[PDB]
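What follows is a set of notes on a single structure, which appears directly below.
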Amino acid sequence: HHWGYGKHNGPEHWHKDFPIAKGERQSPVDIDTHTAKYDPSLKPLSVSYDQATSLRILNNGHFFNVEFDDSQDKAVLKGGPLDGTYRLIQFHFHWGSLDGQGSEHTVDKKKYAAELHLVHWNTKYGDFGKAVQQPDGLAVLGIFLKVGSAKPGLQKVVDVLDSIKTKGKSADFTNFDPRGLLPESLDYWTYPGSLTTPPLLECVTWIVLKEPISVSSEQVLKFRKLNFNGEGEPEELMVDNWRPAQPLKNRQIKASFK
Ligand SMILES: [Zn+2]
């Protein structure tokens, strides 16, 4: 039936409905830090989230999405390896059933507890749906989450999860500041890739930050109480909603630091 992360509709079956799954620039990948090329011509990242406008949070049956108002250049990403302005449209997470798994990207084979994706689309294309059809259409900022001390800025999100426990639920989620999810360093690795979920389009420029943010066991624990299933259906906990690393192929990973 519909795609998911279970043994019968998991990542290893996606190729049957989405042939692009076995493509040449699939994500995520394992970042080998020793072969990543430090590229000195890379510009620093420019994150302008000061006028961001969050609208809603939704449980889509795969993960939850916090959506932003992308009708104007409110929250944008520029610089780095990018050309043009990219608007933040939404962010989501991928997490595991345990602290030693959860992230999609890995660093030297190391998996983190979760991974945050800040999705932006190139304003040049007018809308998100057009942008996903272009090789430079999207820019996703990936941030690793490790278990340690609480991330104060993540609490608003953790607080509201009980209201969107099942598939299809959504809640008003205004006035959230995404700057609170950012680590203090903006050093990163960058490579051309794809969406990690169907349709798995190869329109993404990945910007994975080196420094992960720490969240508490309690904070992460609440993510794990979400449901994949719809209301009234048999409870299936939302865990391990991550895709395993794909072959890098004809691609080089560049770093903005040495
Ligand atoms: Zn994602």
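Following the order of the structure tokens, chains are lettered A, B, ..., residues in each are numbered from 1, and ligands are numbered from 1.
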
With DSSP run on the backbone, what are the strand (DSSP E or B) residues within region 47-208 of chain A? I'd like them as JSON, numbers by chain.
{"A": [47, 48, 54, 55, 56, 57, 58, 59, 64, 65, 66, 67, 68, 76, 77, 78, 79, 86, 87, 88, 89, 90, 91, 92, 93, 94, 95, 106, 107, 110, 114, 115, 116, 117, 118, 119, 120, 121, 122, 138, 139, 140, 141, 142, 143, 144, 145, 146, 147, 167, 170, 171, 172, 188, 189, 190, 191, 192, 193, 204, 205, 206, 207, 208]}

Please write out the residues within 12 Å of ligand 1 as a PDB file with C-alpha atoms, in the first residue's frame, counting only C-alpha atoms and all ligand atoms.
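New file part-v3.pdb:
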```
ATOM      1  CA  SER A  27      20.279  10.856  -0.385  1.00  0.00           C
ATOM      2  CA  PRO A  28      21.256  10.364   2.338  1.00  0.00           C
ATOM      3  CA  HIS A  62       5.696   9.637   8.384  1.00  0.00           C
ATOM      4  CA  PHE A  63       6.850  12.476  10.626  1.00  0.00           C
ATOM      5  CA  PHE A  64       5.585  15.892  11.714  1.00  0.00           C
ATOM      6  CA  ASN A  65       6.033  19.118   9.772  1.00  0.00           C
ATOM      7  CA  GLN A  90       9.043  23.691   6.424  1.00  0.00           C
ATOM      8  CA  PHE A  91      11.199  21.639   8.737  1.00  0.00           C
ATOM      9  CA  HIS A  92      10.888  18.063  10.022  1.00  0.00           C
ATOM     10  CA  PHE A  93      12.932  15.374  11.842  1.00  0.00           C
ATOM     11  CA  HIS A  94      13.913  11.707  11.417  1.00  0.00           C
ATOM     12  CA  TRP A  95      14.590   9.685  14.599  1.00  0.00           C
ATOM     13  CA  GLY A 102      17.949   8.020  13.904  1.00  0.00           C
ATOM     14  CA  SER A 103      19.931  10.231  11.541  1.00  0.00           C
ATOM     15  CA  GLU A 104      19.857   9.704   7.770  1.00  0.00           C
ATOM     16  CA  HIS A 105      23.301  11.084   7.001  1.00  0.00           C
ATOM     17  CA  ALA A 114      17.928  12.212  15.074  1.00  0.00           C
ATOM     18  CA  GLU A 115      18.296  14.611  12.130  1.00  0.00           C
ATOM     19  CA  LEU A 116      16.591  17.982  11.486  1.00  0.00           C
ATOM     20  CA  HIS A 117      15.798  19.085   7.910  1.00  0.00           C
ATOM     21  CA  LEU A 118      15.138  22.719   7.115  1.00  0.00           C
ATOM     22  CA  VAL A 119      13.631  22.673   3.615  1.00  0.00           C
ATOM     23  CA  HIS A 120      13.960  25.737   1.350  1.00  0.00           C
ATOM     24  CA  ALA A 139      18.318  23.541  -0.424  1.00  0.00           C
ATOM     25  CA  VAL A 140      17.939  21.470   2.750  1.00  0.00           C
ATOM     26  CA  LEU A 141      19.902  22.309   5.906  1.00  0.00           C
ATOM     27  CA  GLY A 142      20.508  19.120   7.878  1.00  0.00           C
ATOM     28  CA  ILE A 143      21.307  19.260  11.570  1.00  0.00           C
ATOM     29  CA  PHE A 144      22.316  16.278  13.742  1.00  0.00           C
ATOM     30  CA  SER A 194      17.700  14.111  -3.385  1.00  0.00           C
ATOM     31  CA  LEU A 195      14.669  14.094  -1.112  1.00  0.00           C
ATOM     32  CA  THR A 196      15.028  11.225   1.336  1.00  0.00           C
ATOM     33  CA  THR A 197      11.356  10.357   0.980  1.00  0.00           C
ATOM     34  CA  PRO A 198       9.207   9.591  -2.114  1.00  0.00           C
ATOM     35  CA  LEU A 200      12.811  11.035  -4.045  1.00  0.00           C
ATOM     36  CA  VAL A 204      18.465  18.984  -3.583  1.00  0.00           C
ATOM     37  CA  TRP A 206      22.481  19.340   0.795  1.00  0.00           C
ATOM     38  CA  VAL A 208      24.876  19.268   6.464  1.00  0.00           C
ATOM     39  CA  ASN A 241      11.493   6.938  10.121  1.00  0.00           C
ATOM     40  CA  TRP A 242      14.949   7.252   8.508  1.00  0.00           C
ATOM     41  CA  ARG A 243      16.368   6.041   5.197  1.00  0.00           C
TER      42      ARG A 243
END
```

Using only C-alpha atoms: which of A:246, A:134, A:9, A:214 has the shortest distance to residue 151 (chain A)
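Closest to residue 151 (chain A) of all the choices is A:214.
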
Q: Please give the complete set of residues from region 23-154 of chain A that DSSP, run on the backbone, assigns to alpha helix (DSSP H), formatted as a PyMOL selection string.
A: chain A and resi 128-131

For residue 201 (chain A), the closest of A:23, A:84, A:100, A:244 counting only C-alpha atoms is A:23

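Here CA of residue 6 (chain A) stands at a distance of 27.5 Å from CA of residue 89 (chain A).
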
Q) In terms of the shortest atom-to-atom distance over only C-alpha atoms, which of A:111, A:59, A:47, A:33 is closest to residue 87 (chain A)? A)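 Looking at the shortest contact to residue 87 (chain A), the residue is A:47.
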
Original post:
In Å, how far is it from CA of residue 106 (chain A) to CA of residue 205 (chain A)?
Top reply: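 Separation of CA of residue 106 (chain A) and CA of residue 205 (chain A): 16.7 Å.
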
Restricting to only C-alpha atoms, whichever of A:240, A:234, A:252, A:45 is closest to residue 7 (chain A) is A:240

Can you pull out the residues contacting region 76-83 of chain A? Cut-off 6 Å, using only C-alpha atoms, and skip same-chain residues under 3 positions away; I want them as a list in words.
residues 42, 43, 44, 45, 46, 47, 48, 86, 87 and 88 of chain A

Take the residues from that selection and put them in a file with N, CA, C and O atoms, as a CSV table (one decimal), in the first residue's frame.
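As a result, out_38.csv now contains:
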```csv
chain,number,residue,atom,x,y,z
A,42,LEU,N,34.2,28.4,-1.2
A,42,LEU,CA,32.8,28.3,-0.7
A,42,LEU,C,32.6,29.5,0.2
A,42,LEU,O,33.4,29.8,1.0
A,43,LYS,N,31.4,30.2,0.0
A,43,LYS,CA,31.0,31.3,0.8
A,43,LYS,C,30.4,30.9,2.1
A,43,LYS,O,30.0,29.8,2.3
A,44,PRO,N,30.4,31.8,3.1
A,44,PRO,CA,29.8,31.4,4.4
A,44,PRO,C,28.3,31.3,4.1
A,44,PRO,O,27.8,31.9,3.2
A,45,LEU,N,27.6,30.6,5.0
A,45,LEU,CA,26.2,30.5,4.9
A,45,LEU,C,25.5,31.8,5.4
A,45,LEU,O,26.0,32.4,6.4
A,46,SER,N,24.4,32.2,4.8
A,46,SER,CA,23.7,33.4,5.3
A,46,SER,C,22.3,32.9,5.6
A,46,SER,O,21.5,32.4,4.7
A,47,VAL,N,21.9,32.9,6.9
A,47,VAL,CA,20.6,32.4,7.3
A,47,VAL,C,19.9,33.7,7.9
A,47,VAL,O,20.4,34.3,8.7
A,48,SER,N,18.8,34.0,7.3
A,48,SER,CA,18.0,35.1,7.7
A,48,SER,C,16.6,34.6,8.1
A,48,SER,O,15.7,34.6,7.3
A,86,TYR,N,16.7,31.2,-1.2
A,86,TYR,CA,15.8,30.0,-1.0
A,86,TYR,C,15.0,30.3,0.2
A,86,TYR,O,15.5,30.8,1.3
A,87,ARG,N,13.7,30.1,0.1
A,87,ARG,CA,12.7,30.4,1.2
A,87,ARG,C,12.4,29.1,2.0
A,87,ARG,O,12.2,28.0,1.5
A,88,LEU,N,12.4,29.3,3.3
A,88,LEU,CA,12.1,28.2,4.2
A,88,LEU,C,10.6,27.9,4.0
A,88,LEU,O,9.8,28.8,4.1
```

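Using only C-alpha atoms, the smallest distance between any of A:250, A:227, A:256, A:51 and residue 167 (chain A) comes from A:227.
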